[PDB]
Every structure is written in C-alpha cells, then in structure tokens.
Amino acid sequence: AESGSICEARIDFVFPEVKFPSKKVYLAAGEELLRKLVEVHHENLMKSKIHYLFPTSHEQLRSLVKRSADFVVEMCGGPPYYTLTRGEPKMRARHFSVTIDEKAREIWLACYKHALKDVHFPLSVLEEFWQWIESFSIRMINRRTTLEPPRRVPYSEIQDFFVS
C-alpha cells in the first residue's frame, strides 16, 4: 500500500457450504432428546465465558430456549414448530443484535460438543448434527477481529471425545 498502488477487489472470508441434517436425525434422536440437548447447551452457555451475551431473566431465556429447541427439532426433520411460530429463520440477521466474534462461535461450539456428549446424542447421527452447526454457526459471526478465516472443526477432530 503506497501512493499510486491498486488493491484488487478481495473477500474477507467465505461462508462455507452448510448441510442441514437429514430427517434421520429426528428419527434417531426423537423430539424429547433434541429439546433436552438445546436446554443443556443453554446451560453450558450460561456457564461459559460468553454468558454475558445471553439475556439473563427467567422469562427471557425460557422463551429463547423454547425457540431454539423448536428450530432444532424442525431442522432435524421434526414438526415445523419454528416456522409456524417465528416464520422464516433468517438466522444471520436475527443474530445482528448480538455481538458475535470468532472466539464467541468457538465457545458456542465447544458448549454444544459438551452438551452432545452429556445427553448421549446417538453416535449414528452425531456427525450429521455436528457438521450442520459447525458450518452454519460461521454465518452468525458479525464482528471480525482477525484477518484469518474462522476456524473449521471437522467431526474427525472431535469424534474421539464421544467414545471416551
């Protein structure tokens, strides 16, 4: 960068392909486990270093957990609890009101990995679920703090955690 120079157009980071879970996940896990999963993720979050991002206030966060759970149940192939009640996901946009940097996503993911184990999510559909949130979560990042692309964490990296 100096006088006269030309900087070509460039992109910061690409939002990778997102594979939504097949209906096998809803069938293997069932609605009750899915809802419990989200509740435990939320509990993990409230104990995490990003607890401050989350409305504290029983009514506030009881409605939030319910919403997230409806979203997860529907997207894993259950009934349309979410779109019948909130409509179009438009998730990135819904997250604009909260500051989400790269570290925030990693902690959100780590809390989810722990919840997946804590609730004994069936191993057979675990990768389908993981690869969904691992990639989808990248699109919620709205505060950049590095030139590096957001970290990828493939199931292969964490699978040993679920058999130990």
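Numbering starts at 1 and runs along the sequence shown.
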Give the stretch, out of 69 to 77 and 83 to 91, with the larger mean C-alpha temperature factor in the deposited entry.
-> 83 to 91
Compare the mean C-alpha B-factor of 122 to 130 with that of 51 to 59 as given in the PDB entry, and name the stretch with the higher value.
-> 51 to 59
Entry-reported C-alpha B-factor of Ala28 relative to its chain, by third, is middle
Split the chain's modelled residues into thirds by Cα B-factor; is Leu64 in the lowest, middle or highest one?
-> highest
